[PDB]
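Engineer: One structure, pasted below without further comment.
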Amino acid sequence: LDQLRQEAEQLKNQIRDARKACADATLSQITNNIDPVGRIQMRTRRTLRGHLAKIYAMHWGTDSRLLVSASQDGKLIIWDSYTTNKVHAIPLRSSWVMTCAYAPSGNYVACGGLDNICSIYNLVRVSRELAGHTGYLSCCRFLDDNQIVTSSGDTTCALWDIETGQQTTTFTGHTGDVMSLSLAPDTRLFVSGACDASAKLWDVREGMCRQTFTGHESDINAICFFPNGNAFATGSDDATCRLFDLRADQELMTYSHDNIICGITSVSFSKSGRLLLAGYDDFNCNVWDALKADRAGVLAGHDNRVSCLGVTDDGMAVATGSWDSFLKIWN
Amino acid sequence: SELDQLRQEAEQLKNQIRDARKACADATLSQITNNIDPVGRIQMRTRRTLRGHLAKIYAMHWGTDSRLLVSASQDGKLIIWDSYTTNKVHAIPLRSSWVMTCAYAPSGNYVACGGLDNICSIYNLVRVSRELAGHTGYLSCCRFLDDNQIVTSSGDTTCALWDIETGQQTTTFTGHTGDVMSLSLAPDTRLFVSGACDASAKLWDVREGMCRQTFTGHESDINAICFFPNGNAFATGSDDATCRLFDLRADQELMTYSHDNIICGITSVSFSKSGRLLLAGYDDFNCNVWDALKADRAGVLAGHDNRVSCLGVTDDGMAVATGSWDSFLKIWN
Amino acid sequence: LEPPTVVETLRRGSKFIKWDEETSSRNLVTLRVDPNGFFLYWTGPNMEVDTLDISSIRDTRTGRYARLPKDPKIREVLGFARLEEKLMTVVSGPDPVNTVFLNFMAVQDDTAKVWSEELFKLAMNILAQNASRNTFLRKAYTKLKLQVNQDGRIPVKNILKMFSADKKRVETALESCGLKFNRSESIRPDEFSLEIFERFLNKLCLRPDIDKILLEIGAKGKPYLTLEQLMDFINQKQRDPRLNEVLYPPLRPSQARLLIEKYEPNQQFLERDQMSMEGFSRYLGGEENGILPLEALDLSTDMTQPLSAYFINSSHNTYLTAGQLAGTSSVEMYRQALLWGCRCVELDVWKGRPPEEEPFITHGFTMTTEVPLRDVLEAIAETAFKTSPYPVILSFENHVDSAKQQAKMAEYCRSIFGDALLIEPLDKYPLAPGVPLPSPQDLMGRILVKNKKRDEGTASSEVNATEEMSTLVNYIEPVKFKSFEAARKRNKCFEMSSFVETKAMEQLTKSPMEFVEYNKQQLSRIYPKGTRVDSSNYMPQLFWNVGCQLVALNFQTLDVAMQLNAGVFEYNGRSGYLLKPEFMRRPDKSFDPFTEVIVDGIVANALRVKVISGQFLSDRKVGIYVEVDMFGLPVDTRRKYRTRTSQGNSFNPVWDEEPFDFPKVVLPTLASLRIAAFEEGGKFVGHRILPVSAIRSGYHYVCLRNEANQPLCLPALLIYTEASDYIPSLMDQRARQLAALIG
Amino acid sequence: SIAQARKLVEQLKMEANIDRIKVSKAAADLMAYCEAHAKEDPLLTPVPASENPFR
Amino acid sequence: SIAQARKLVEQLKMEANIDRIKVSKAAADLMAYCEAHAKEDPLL
Ligand SMILES: [Ca+2]
């Protein structure tokens with residue numbers, strides 16, 4: 001029985017020494033020719049109000065105009081980020097929501113929460129009801145108008161089919177609560193973070209884990225993508241954003257600072273990739289420079305824990321939503 | 001049967017020494033001076049009370065300018081006082097609270113320190129200038145020879161002379177058996193004395209770096225030792241409540257300043273400027289002025305609550321300042 | 001006995017729903033327990049961490065016993081068959097009357113049974129209540145470290161609020177160790193360690209009362225103590241001479257080397273076998289320098305003696321929460337009495353209404369509130385053997401006269417209690433004249449019924465027994481009291497008698513030497529008189545001298561008589577069964593309970609207690625005194641003692657005054673010392689009840705519990721006890737001896 | 001516990017035999033992307049306030 | 001511990017050959033030092 005653990009240890013030692021031999025340079029050293037960015041000032045322009053309880057998640061429309069905001073009081077308001085007009089107010093039959101999504105087209109909106117089922121709407125009425133998770137729902141992302149991928153707290157991810165309500169591929173291979181997941185911009189292979197301090201990279205075709213990533217010491221609350229689909233930034237609960245590589249299977253940069261002790265909630269990259277944004281428990285949001293590992297600004301307007309943060313598709317605005325039932329659109 | 005010859009050669013030379021001592025023993029200081037006048041009633045008064053520390057006070061030292069004084073506390077915070085207008089002109093925090101000594105420069109620029117962390121942290125008049133490491137025991141007392149030399153006394157039975165710029169043990173003084181507790185420099189700044197725990201003070205020369213006159217006599221520790229102002233005598237306050245007075249030119253013990261009604265040990269001795277009064281502080285919260293030429297008490301300085309752990313006269317005799325274990329420091333005149 | 005361990009599911013955490021009934025609020029928190037087993041912390045609704053002290057948790061109940069929501073909004077939110085198997089309520093409070101409910105519904109299956117069981121196993125530990133001074137000083141550190149603010153930092157209002165006596169010394173001792181010391185600032189929790197906390201505690205208050213201890217043993221000029229100077233401190237001052245020197249041997253130097261290696265930070269003295277002045281101040285609060293040994297606090301008693309040879313915890317009219325005349329009867333006090341260590345509760349049953357036959361429980365003719373009998377029997381069957389598996393004695397006070405309800409309550413007690421009832425006598429002890437009662441070892445986990453078989457208030461005018469309710473009463477059968485010379489001739493040990501206090505104080509003074517002989521075979525029970533309408537308490541030490549087992553006391557009021565009753569039953573595993581001394585359970589060896597001289601057969605003792613000093617005793621600048629009472633036989637009772645009031649000079653006051661001298665105690669195995677610290681002005685601070693037969697001698701730390709025997713965190717006292725063996729008109733003569741014990 | 005003990009040694013084996021380009025080349029491509037696409041990134045560059053959709 | 005007895009008697013032999021100034025003249029020098037310096041002590 002122990003010989004299996006010995007050959008597994010030798011097999012992962014072949015990952016260890018190949019990581020060491022592939023670590024020949026350092027991105028903290030290559031960027032020393034690059035001139036810094038310095039001061040970046042963002043300001044509140046649209047304060048979307050109208051909720052009653054704490055906001056748990058949000059997602060931007062594909063045309064960067066409408067955004068859905070899932071609050072704890074059983075409500076999915078779909079706003080207009082240009083004129084501040086509540087286009088819809090969707091009442092769900094469950095109080096505890098954790099996630100909400102939007103469509104690549106712009107007609108479907110998913111949700112989910114503690115009731116273990118992913119309610120898909122239509123733009124209103126529930127169209128489909130997706131049951132089959134043994135634990136609660138954490139985060140859900142559409143692929144197209146017919147497919148969704150969900151991440152549950154019973155140590156798995158699932159890939160559904162909307163028209164038939166059947167789980168196509170069930171990604172298992174974790175051993176902790178999958179708290180967040182993020183999708184590639186071309187929607188071919190996605191990532192998933194857990195409460196094991198280990199990100200994984202899954203694919204939607206073969207259903208297998210191709211790469212694994214370690215490094216943290218706590219849960220992983222947020223993952224985004226570099227906008228070309230080659231890197232990702234696992235924001236965690238020990239105040240350390242990182243940056244990884246899909247090719248070298250190695251961590252590249254770490255965004256750590258004293259006077260930042262609180263764990264973090266939601267990260268997001270920029271449209272180019274020079275910036276990074278994170279949301280902290282100390283009610284603030286610190287723009288990190290993605291190459292020189294220094295701050296560039298402070299988005300401090302919130303009065304409670306910044307629970308969700310999202311950047312548009314044309315890169316113009318960011319939108320934050322915290323536990324004080326308010327959303328703020330910075331520009 | 002070879003070590004018995006070395007042991008008998010050891011003890012027979014002790015016998016040859018102790019016969020040469022009683023060969024010089026002719027009289028005593030009281031029998032010689034017994035027609036001199038007494039001193040009388042020396043009634044003193046607390047001039048200032050320098051509050052400001054937060055723990056016990058283990059050592060102090062007077063400046064050579066007779067105006068300022070340093071006082072090493074136990075929270076890890078030296079304070080340099082201005083004894084005329086009571087203002088704390090300096091307040092230096094440390095890296096280790098357990099501090100057993102301090103010092104002051106003859107120039108007036110370098111204040112040393114020490115304690116349980118084996119090192120002597122020479123400061124500048126503020127920041128750490130050096131960290132003199134190399135001892136393997138606690139650092140009991142350390143004194144300034146000049147602006148370039150310092151001499152320590154550590155609890156690994158060794159004294160040492162150091163170099164303040166390179167930080168190396170220049171000359172090393174070895175030959176004790178118990179922990180070295182106190183130390184004092186002569187006025188010609190060329191020889192000191194080392195009162196270790198095993199009832200024995202020795203006489204070291206700083207240039208040849210080896211002992212030349214070893215005294216015995218007590219039955220306990222030696223917690224204090226301080227020179228007469230001519231560089232010919234001193235006084236070794238001890239734990240069995242016996243202050244003595246030895247002589248350098250005679251290599252014998254002259255007086256024993258014992259008493260009934262007192263069984264508590266000494267924590268600090270000092271002579272005066274005139275060499276008439278042997279100010280000694282006791283471990284029962286009271287200081288008693290001993291008349292040095294008649295071995296009798298002459299004044300009572302009792303104003304402290306806990307034990308008096310450090311005492312020191314100035315270099316013109318205008319003041320005497322006591323510091324005790326109750327975070328207060330009084331200047332007596 | 002086992003130290004408190006926290007399993008790896010409580011440290012990692014679990015998700016819950018903290019719901020609430022009055023505010024109708026709800027949140028999804030994650031409960032954690034720190035690895036010392038000290039607190040229960042969860043992130044609040046605005047990121048400020050809340051705590052719950054785990055030594056204040058009275059009970060954690062799960063399943064059908066947990067509280068259900070009574071508001072349809074919260075019921076619609078939560079999901080309201082087996083969904084109520086994920087509920088959990090944790091109760092907490094200072095006293096049995098005033099408790100506060102914390103409601104936690106789990107979001108995952110199976111994380112409520114373990115989360116309730118492993119909190120009740122942690123809240124009912126012995127070594128977490130009799131912890132030393134070092135543990136209670138590392139608890140106040142964790143209370144500061146876990147209560148971070150919104151950023152994740154130890155705030156500076158907290159360290160000024162915990163040590164809230166003065167404010168100059170706190171800010172100065174913060175500035176003197178390299179920390180931040182303003183009024184609105186914060187300290188990062190990785191630069192505020194345990195050593196940077198204790199080096200702030202040492203700069204906080206000055207300790208000359210340990211300097212005197214070090215002067216007495218010989219720490220003259222060296223900054224350490226040797227090996228022999230510590231071994232001949234322990235074996236000379238910290239050794240109680242009453243123990244036999246063969247099976248409790250003195251200290252070898254190899255154990256003092258282990259003590260030096262454990263308690264000392266400096267590495268110079270650690271290799272030459274020496275101990276510094278900080279390694280001694282860390283020894284005086286050590287786990288080996290305890291005021292009581294760990295054999296006077298666990299279940300170590302001969303539990304096979306008959307049931308008439310034990311003091312038994314008892315209560316009288318348990319259902320009330322206030323005075324007897326205008327109170328409000330509740331069912332929760334049956335839980336908070338049987339969990340607290342009681343073993344005998346009273347049921348004042350009454351006759352139901354012609355709407356439907358249901359017996360209810362209330363005080364008769366007093367306009368109180370009425371609770372029903374079935375819920376009370378449900379509560380008694382719930383919280384019976386959760387703390388200690390020793391038999392409860394249900395003392396019915398029957399008042400139903402209709403034959404329907406007398407058969408209703410005979411099936412209530414047979415369907416609710418089930419097999420835990422005793423309906424038939426045992427195989428070894430039949431109900432014959434001349435047999436002894438069965439031991440509490442042989443009645444483990446049973447419930448005995450006390451009811452009639454075929455100035456007192458409403459306990460005199462009872463209702464006669466029927467053939468249906470009196471099938472239950474076999475071993476504890478109450479009769480009417482004739483005389484001791486009449487009860488002695490019957491030789492039936494399976495009866496009892498129930499005296500009111502005014503009628504018990506007429507055979508206490510008259511003939512106690514027959515009274516002690518009566519309490520060697522049969523039981524007794526004393527309830528206070530009906531004129532105490534404010535629910536006052538008589539002293540139980542009056543009737544514990546003559547031998548009375550079931551001395552019943554009001555549990556809702558906490559005066560001195562209830563503090564002694566709740567402190568004397570903490571020992572012997574909190575089981576409520578304390579053994580009698582040997583001359584109150586032997587048949588031949590009689591003695592006088594009012595004697596003034598020592599008795600041949602009982603080894604006397606002598607006790608000298610000197611109050612040195614004590615720390616952190618208040619939260620404002622006011623003086624402190626200390627009362628040292630002593631209860632027991634009426635010649636050992638001396639409550640006149642009191643120290644002088646200090647001036648509030650520091651965090652710790654020091655008292656400089658003569659010892660207290662208890663020169664002769666006639667029966668030491670029954671007496672108990674009471675050290676209670678007060679403020680100047682009558683305010684109470686803390687107290688502790690220590691048995692004299694097992695107290696220790698030397699320089700020790702007494703850790704003061706509060707008014708209802710729960711451990712306070714910061715306050716303590718340092719005392720010097722010296723305990724050693726002794727070296728050599730009747731109704732007024734016996735009623736002037738009890739003038740101190742009565743009040 | 002045993003089928004998982006074969007699944008893990010399969011999962012590490014299918015991970016170990018992959019192509020691992022150097023961190024120098026990866027950081028070179030990652031650095032080359034940012035200023036090549038930074039001309040059309042409205043977070044770093046300020047906004048013409050007439051064409052700003054939110055002003 | 002063989003050379004320690006030689007190292008002891010070396011310092012003893014160095015202690016032996018020194019000068020022997022008498023106690024009466026030493027105490028007279030002490031009194032002559034005190035009587036010539038008792039004019040500048042502000043305590044006295
Ligand atoms: Ca009653």
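Convention: chains lettered A, B, ... in structure tokens order; per-chain residue numbering from 1; ligands numbered from 1 as shown.
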Would you pick out the contacts of residue E:44 at 9 Å or less, using only C-alpha atoms, so that residues sharing its chain but fewer than 6 positions from it are not included, and give the list as a ChimeraX atom specification?
Structural biologist: /B:39,42,274,276-277 /E:38
Engineer: Save out the residues we just selected, N, CA, C and O atoms, as a short mmCIF file (atom, residue, chain, number, x, y, z; two decimals), in the first residue's frame.
Structural biologist:
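Below is the file again.cif, written as the result:
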```cif
data_model
loop_
_atom_site.label_atom_id
_atom_site.label_comp_id
_atom_site.auth_asym_id
_atom_site.auth_seq_id
_atom_site.Cartn_x
_atom_site.Cartn_y
_atom_site.Cartn_z
N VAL B 39 33.75 62.57 63.63
CA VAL B 39 33.13 63.40 62.61
C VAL B 39 31.87 64.08 63.13
O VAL B 39 31.74 65.30 63.05
N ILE B 42 26.08 63.60 60.68
CA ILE B 42 25.97 63.95 59.27
C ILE B 42 24.52 63.73 58.88
O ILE B 42 24.12 62.63 58.50
N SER B 274 36.92 63.29 49.77
CA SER B 274 37.98 63.41 50.77
C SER B 274 38.53 62.06 51.20
O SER B 274 39.61 62.01 51.79
N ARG B 276 36.99 60.36 53.50
CA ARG B 276 36.65 60.30 54.91
C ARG B 276 35.42 59.43 55.17
O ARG B 276 35.39 58.68 56.15
N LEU B 277 34.41 59.51 54.31
CA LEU B 277 33.17 58.79 54.50
C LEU B 277 33.04 57.67 53.47
O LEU B 277 33.17 57.91 52.27
N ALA E 38 40.60 66.76 53.58
CA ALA E 38 39.36 67.03 54.29
C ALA E 38 38.90 68.48 54.19
O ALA E 38 37.96 68.87 54.89
#
```
Engineer: Ligand 1: which residues are within 10 Å, counting only C-alpha atoms and all ligand atoms, as a short mmCIF file (atom, residue, chain, number, x, y, z; two decimals) with N, CA and C atoms, in the first residue's frame?
Structural biologist:
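So part.cif came out as:
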```
data_model
loop_
_atom_site.label_atom_id
_atom_site.label_comp_id
_atom_site.auth_asym_id
_atom_site.auth_seq_id
_atom_site.Cartn_x
_atom_site.Cartn_y
_atom_site.Cartn_z
N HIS C 316 -35.41 23.04 46.15
CA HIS C 316 -36.75 23.16 46.72
C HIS C 316 -37.54 24.17 45.91
N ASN C 317 -38.68 23.73 45.37
CA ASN C 317 -39.55 24.51 44.48
C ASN C 317 -38.76 25.06 43.30
N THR C 318 -38.28 24.13 42.47
CA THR C 318 -37.31 24.48 41.44
C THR C 318 -37.90 25.32 40.33
N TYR C 319 -39.21 25.23 40.10
CA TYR C 319 -39.81 25.80 38.89
C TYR C 319 -39.84 27.32 38.89
N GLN C 324 -41.66 33.48 46.12
CA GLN C 324 -42.68 32.44 46.14
C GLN C 324 -44.09 32.98 45.93
N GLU C 346 -38.27 19.20 42.95
CA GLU C 346 -39.62 19.12 43.48
C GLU C 346 -40.67 19.42 42.42
N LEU C 347 -41.74 18.62 42.40
CA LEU C 347 -42.88 18.80 41.51
C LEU C 347 -44.11 19.12 42.35
N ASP C 348 -44.64 20.34 42.19
CA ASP C 348 -45.88 20.75 42.85
C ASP C 348 -47.04 20.55 41.88
N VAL C 349 -47.46 19.30 41.72
CA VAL C 349 -48.52 18.95 40.79
C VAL C 349 -49.85 19.49 41.31
N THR C 362 -47.69 24.33 39.68
CA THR C 362 -47.57 25.70 40.14
C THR C 362 -47.58 25.72 41.66
N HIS C 363 -47.24 26.88 42.21
CA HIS C 363 -47.36 27.10 43.64
C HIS C 363 -48.82 27.41 43.98
N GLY C 364 -49.35 26.73 44.99
CA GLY C 364 -50.79 26.79 45.24
C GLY C 364 -51.24 28.10 45.86
N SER C 395 -38.98 14.34 43.88
CA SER C 395 -39.76 14.54 45.09
C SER C 395 -41.09 15.16 44.69
N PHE C 396 -42.08 14.31 44.45
CA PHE C 396 -43.42 14.77 44.12
C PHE C 396 -44.07 15.44 45.32
N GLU C 397 -44.88 16.46 45.04
CA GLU C 397 -45.77 17.05 46.04
C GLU C 397 -47.16 16.97 45.43
N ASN C 398 -47.82 15.84 45.67
CA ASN C 398 -49.02 15.49 44.93
C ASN C 398 -50.22 16.28 45.44
N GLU C 456 -45.45 25.02 57.00
CA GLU C 456 -44.93 24.25 55.87
C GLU C 456 -45.52 24.69 54.53
N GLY C 457 -46.49 25.59 54.53
CA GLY C 457 -47.05 26.06 53.27
C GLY C 457 -48.06 25.07 52.74
N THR C 458 -47.93 24.73 51.46
CA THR C 458 -48.83 23.80 50.80
C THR C 458 -48.30 22.38 50.81
N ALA C 459 -47.24 22.11 51.56
CA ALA C 459 -46.68 20.77 51.65
C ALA C 459 -47.32 19.93 52.74
N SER C 460 -48.10 20.55 53.63
CA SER C 460 -48.78 19.80 54.69
C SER C 460 -50.08 19.20 54.18
N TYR C 527 -36.52 21.66 53.72
CA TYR C 527 -36.88 22.76 52.86
C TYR C 527 -37.14 23.99 53.72
N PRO C 528 -36.80 25.19 53.24
CA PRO C 528 -36.99 26.39 54.05
C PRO C 528 -38.46 26.70 54.27
N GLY C 530 -42.16 28.55 54.83
CA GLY C 530 -43.02 29.22 53.88
C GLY C 530 -43.10 30.72 54.03
#
```
Engineer: Please check the contacts: residues of chain B at most 7 Å away from chain C, using only C-alpha atoms, listed as a list in words.
Structural biologist: residues 54, 55, 75, 137 and 223 of chain B
Engineer: Could you list, as a short mmCIF file (atom, residue, chain, number, x, y, z; two decimals) with N, CA, C and O atoms, in the first residue's frame, every residue within 6 Å of stretch 10-25 of chain D, counting only C-alpha atoms and ignoring same-chain residues fewer than 5 positions away?
Structural biologist:
```
data_model
loop_
_atom_site.label_atom_id
_atom_site.label_comp_id
_atom_site.auth_asym_id
_atom_site.auth_seq_id
_atom_site.Cartn_x
_atom_site.Cartn_y
_atom_site.Cartn_z
N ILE A 15 8.11 16.32 -11.04
CA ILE A 15 7.54 17.64 -11.29
C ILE A 15 8.37 18.72 -10.59
O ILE A 15 8.62 19.79 -11.17
N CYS A 22 13.29 24.50 -14.89
CA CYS A 22 12.62 25.45 -15.76
C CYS A 22 12.62 26.86 -15.20
O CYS A 22 12.46 27.82 -15.96
N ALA A 25 14.87 32.24 -14.99
CA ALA A 25 14.81 33.69 -14.83
C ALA A 25 13.69 34.01 -13.85
O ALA A 25 13.13 33.12 -13.21
N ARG A 247 1.96 27.47 -19.10
CA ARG A 247 2.98 26.74 -19.84
C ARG A 247 4.09 26.22 -18.93
O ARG A 247 4.44 25.04 -18.99
N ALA A 248 4.65 27.08 -18.09
CA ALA A 248 5.76 26.67 -17.24
C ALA A 248 5.33 25.85 -16.03
O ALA A 248 6.19 25.23 -15.40
#
```
Engineer: Among chain D, which residues does DSSP mark as helix (DSSP H, G or I) when it is run on the backbone? Keep the chain and numbering as in the structure and answer as a PyMOL selection string.
Structural biologist: chain D and resi 3-16+23-36+38-40
Engineer: Would you write out those residues with C-alpha atoms, as a PDB file, in the first residue's frame?
Structural biologist:
```
ATOM      1  CA  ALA D   3      -8.573   2.884  -6.885  1.00  0.00           C
ATOM      2  CA  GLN D   4      -7.824   6.469  -5.871  1.00  0.00           C
ATOM      3  CA  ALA D   5      -4.268   5.319  -5.118  1.00  0.00           C
ATOM      4  CA  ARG D   6      -4.027   4.238  -8.760  1.00  0.00           C
ATOM      5  CA  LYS D   7      -5.867   7.334 -10.031  1.00  0.00           C
ATOM      6  CA  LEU D   8      -3.343   9.665  -8.363  1.00  0.00           C
ATOM      7  CA  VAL D   9      -0.312   7.868  -9.799  1.00  0.00           C
ATOM      8  CA  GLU D  10      -2.022   8.030 -13.183  1.00  0.00           C
ATOM      9  CA  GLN D  11      -2.792  11.743 -12.712  1.00  0.00           C
ATOM     10  CA  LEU D  12       0.790  12.651 -11.841  1.00  0.00           C
ATOM     11  CA  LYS D  13       2.132  10.565 -14.736  1.00  0.00           C
ATOM     12  CA  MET D  14      -0.084  12.297 -17.294  1.00  0.00           C
ATOM     13  CA  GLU D  15       1.022  15.648 -15.838  1.00  0.00           C
ATOM     14  CA  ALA D  16       4.773  14.952 -15.768  1.00  0.00           C
ATOM     15  CA  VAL D  23       9.714  31.269 -17.615  1.00  0.00           C
ATOM     16  CA  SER D  24      11.960  33.681 -19.546  1.00  0.00           C
ATOM     17  CA  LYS D  25      10.024  32.990 -22.767  1.00  0.00           C
ATOM     18  CA  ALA D  26       6.679  33.067 -20.936  1.00  0.00           C
ATOM     19  CA  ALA D  27       7.473  36.396 -19.271  1.00  0.00           C
ATOM     20  CA  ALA D  28       8.771  37.730 -22.600  1.00  0.00           C
ATOM     21  CA  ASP D  29       5.433  36.979 -24.290  1.00  0.00           C
ATOM     22  CA  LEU D  30       3.478  38.243 -21.264  1.00  0.00           C
ATOM     23  CA  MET D  31       5.462  41.492 -21.274  1.00  0.00           C
ATOM     24  CA  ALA D  32       5.174  41.887 -25.055  1.00  0.00           C
ATOM     25  CA  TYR D  33       1.372  41.609 -24.921  1.00  0.00           C
ATOM     26  CA  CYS D  34       0.768  44.581 -22.590  1.00  0.00           C
ATOM     27  CA  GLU D  35       2.255  47.478 -24.556  1.00  0.00           C
ATOM     28  CA  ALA D  36       1.112  45.916 -27.827  1.00  0.00           C
ATOM     29  CA  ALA D  38      -2.124  49.079 -24.348  1.00  0.00           C
ATOM     30  CA  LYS D  39      -3.102  51.481 -27.131  1.00  0.00           C
ATOM     31  CA  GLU D  40      -6.705  50.216 -26.878  1.00  0.00           C
TER      32      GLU D  40
END
```
Engineer: Expressed in Å to a single decimal, how great is the separation between atom CA of residue C:305 and atom CA of residue C:437?
Structural biologist: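 Computing the Euclidean distance for atom CA of residue C:305 and atom CA of residue C:437 yields 8.8 Å.
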Engineer: Which residues are close to stretch 28-35 of chain E, i.e. within 9 Å by only C-alpha atoms, leaving aside same-chain residues fewer than 4 positions away? Reply as a compact mmCIF listing (two decimals) with N, CA and C atoms, in the first residue's frame.
Structural biologist:
```txt
# COMPACT_ATOMS: atom_id res chain seq x y z
N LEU B 29 44.37 50.40 62.21
CA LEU B 29 44.08 51.79 61.90
C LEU B 29 43.42 52.50 63.08
N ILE B 32 46.04 53.20 65.72
CA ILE B 32 46.87 54.33 65.32
C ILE B 32 46.10 55.65 65.46
N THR B 33 44.86 55.71 64.98
CA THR B 33 44.14 56.97 64.89
C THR B 33 43.38 57.34 66.16
N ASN B 230 43.10 57.87 46.30
CA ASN B 230 44.54 57.96 46.06
C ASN B 230 45.09 56.79 45.27
N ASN B 232 45.43 53.74 46.39
CA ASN B 232 46.15 52.85 47.29
C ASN B 232 45.25 51.94 48.11
N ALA B 233 43.95 52.19 48.14
CA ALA B 233 43.03 51.41 48.96
C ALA B 233 41.69 51.31 48.25
N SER B 274 36.92 63.29 49.77
CA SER B 274 37.98 63.41 50.77
C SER B 274 38.53 62.06 51.20
N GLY B 275 37.82 60.97 50.93
CA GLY B 275 38.21 59.70 51.50
C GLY B 275 37.92 59.57 52.98
N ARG B 276 36.99 60.36 53.50
CA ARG B 276 36.65 60.30 54.91
C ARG B 276 35.42 59.43 55.17
N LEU B 293 37.67 56.07 58.96
CA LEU B 293 38.84 55.99 59.81
C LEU B 293 38.54 55.50 61.22
N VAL E 23 52.42 48.27 57.78
CA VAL E 23 51.03 48.68 58.01
C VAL E 23 50.97 50.01 58.75
N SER E 24 51.94 50.28 59.63
CA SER E 24 51.96 51.55 60.35
C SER E 24 52.22 52.72 59.41
N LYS E 39 39.53 69.30 53.34
CA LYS E 39 39.14 70.69 53.17
C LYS E 39 38.24 70.92 51.97
```
Engineer: Using only C-alpha atoms, determine which residues of chain E fall within 7 Å of chain B; present them as a PyMOL selection string.
Structural biologist: chain E and resi 5+9+12+15-16+20-24+27+34+37-38+40-43
Engineer: Within 6 Å of chain C, which residues belong to chain A? Use only C-alpha atoms and report them as a list in words.
Structural biologist: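 Using only C-alpha atoms, chain A residues at most 6 Å from chain C: residues 261, 262 and 282 of chain A.
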Engineer: Please write the residues from the selection above to a file, keeping N, CA and C atoms, as a PDB file, in the first residue's frame.
Structural biologist:
```
ATOM      1  N   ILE A 261      -3.477  42.796   5.781  1.00  0.00           N
ATOM      2  CA  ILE A 261      -3.547  41.538   6.502  1.00  0.00           C
ATOM      3  C   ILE A 261      -4.833  40.775   6.204  1.00  0.00           C
ATOM      4  N   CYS A 262      -5.910  41.468   5.850  1.00  0.00           N
ATOM      5  CA  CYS A 262      -7.205  40.843   5.644  1.00  0.00           C
ATOM      6  C   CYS A 262      -7.240  40.043   4.348  1.00  0.00           C
ATOM      7  N   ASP A 282     -10.914  44.858   4.126  1.00  0.00           N
ATOM      8  CA  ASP A 282     -10.795  46.137   4.824  1.00  0.00           C
ATOM      9  C   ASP A 282     -11.528  47.272   4.117  1.00  0.00           C
TER      10      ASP A 282
END
```
Engineer: Set the distance at 8 Å and use only C-alpha atoms: which residues neighbour stretch 86-92 of chain B once local chain neighbours fewer than 5 positions away are removed? I'd like the list as a ChimeraX atom specification.
Structural biologist: /B:48,50,77-81,126
Engineer: Need the shell around residue D:41: protein/DNA/RNA residues with any atom at most 12 Å away, counting only C-alpha atoms. Skip same-chain ones fewer than 3 positions apart. Format as number ranges by chain?
Structural biologist: A: 227, 269-275, 311-317; D: 33-38, 44-47
Engineer: Skip residue A:37 itself and residues of its chain fewer than 3 positions away, then list as a ChimeraX atom specification all residues within 10 Å of it, counting only C-alpha atoms.
Structural biologist: /A:34,40,274-275,289,292,294-296 /D:44
Engineer: Out of stretch 120-184 of chain B, which residues get strand (DSSP E) from DSSP, as a PyMOL selection string?
Structural biologist: chain B and resi 139-144+149-154+158-163+169-174+180-184
Engineer: What is the atom CA of residue C:689-atom CA of residue C:725 distance in Å, reported with one decimal?
Structural biologist: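 Taking atom CA of residue C:689 as the start and atom CA of residue C:725 as the end point, the length is 21.1 Å.
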Engineer: Hey, can you check how far atom CA of residue C:418 sits from atom CA of residue C:381?
Structural biologist: 9.2 Å
